[PDB]
């Protein structure tokens, strides 16, 4: 089940309009209060008109609308379940504009929801594009519109939230498909739960940013239930998904062919582990006692060329453990791993002790000191994030988290870690005065300008509960060493939530829940459009365009020559991310040093060290004098 974000509006003076309505199944039979009666479109004697079908509401007066609900027919018949839909709002009743919520709903008889940002309106409209099984009809038992307590206009220069993307599943895990631009999402064996899994099945869903179509799929070929995994993009351009409910399995996703290929089994059975792509294109993973048993799980490496998993027992998991109250079951989870120089992997936390991991031979480990500052020694920060915003200078920003996984208070702790050569202890200082709001179970992404977008979370970590939420997002600008509060949202994004950077420069934020009978399931996602895409008037600014590229595939140390339509100031390369349970080891940014050739032609060099410039797919963004970025050009880096 799910829950709305507002309170129900009285339907006593409502006037409804429909495109088609049968005798006995009228248009007003959706607002009467009876769970057994329903509105239904023309069938039988009146013919069978195909979708789009529309339902328009007139609330007589202006209300502060923040969502709607749709209860299907409860008579056991499938005829009329709404699949693809669109929600519109208006003040006049003729000019509707752009949709506040669009997407697809699951094929069942449960109550469906569309939760969006507060916007004052008198007229509400629900358009049913398709039927769940592809039939000509549309039916609704009960339709309600919800309102917020008050409305406050969004502050200029602090971004905008919206629109909402309705999904058939709860996206607990996600990744961007580089070659197509789509957002691949997955849950478990079911759309709303994970417990009591038979194994061998994962339900996936994808969203296209250009078309707006949401299409679901069922993956059984890999014999893996991909809930609670370790995700990494290898050097061969394939997404390596490891463990979880089927603790020993590995699944590979190829973006070019849009298919799932079976991978070889791991040496050790894991769950809730973090995996990281190395300098040679290989994938390293360590720990993970979330599933497959509770014991000492040391490191292991995946080779994409030979299709094998090899154990590295001397790469000890013992110095990276937290002092969690639940023991080893939670202490080796969600490691802040980063692929670095000469096959090494840096562990920034969540534990107080930071370590260097080596992959040559049977593996090795060395102490990198404690995560600290002049404010003292930093405690254990489970489910806190770690983002590499400047890979050239080895800059990592760590923030949030709590001492224990569950039933523990979060802190405002924030640090800057500067990486050098493997084996040396890095310099650690405090990032400004810390976060504005203490948060755990939060997610983050690196933006084109070097800034880090932080959103969601809760003050006290209690899984499957939406208690003490943080609605206000934060942005960290490194040049000024300052945190900035952005415009707040209305949907709670706690445990099982994700955040990914879209090729168009915007942020995809969704998920939260996945507990079955709970009312905390979020079958949606929201889009955040940052300040850099807006001008002085508050409208969408003109974005510069990359007209030509010399090559789409480059090697480490090689040069690329581009051509633009206007003058640019800065340029950056961002690696495509993957997200689940606050972990994102794939994302990183490289600031580019440009050479002006003249006539809007620029040249740059991709770093020679493959530990800085990790092999895989990257996003090319160029910024003008106003700071407005372009859309991303997909560049593949090899070694």
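Numbering follows the first chain given and starts at 1.
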query: Mean C-alpha temperature factor, higher of 286-294 and 195-203; finding: 195-203
query: Mean C-alpha B-factor comparison - 248-256 and 172-180, higher one; finding: 248-256
query: Options 164, 310, 95, 413 - largest CA temperature factor per the record; finding: 95
query: Among 592, 59, 613, 70 - the residue whose C-alpha B-factor is largest in the record; finding: 59
query: Residue 14 - which third its CA temperature factor falls in, relative to the rest of the chain; finding: highest
query: Within-chain third of residue 583 by Cα B-factor, per the entry; finding: lowest
query: Ranked C-alpha temperature factor of residue 5 among modelled chain residues, by third; finding: highest
query: Residue 500 CA temperature factor, ranked by third within the chain; finding: lowest
query: Third assignment of residue 491 from its chain's C-alpha B-factors; finding: lowest
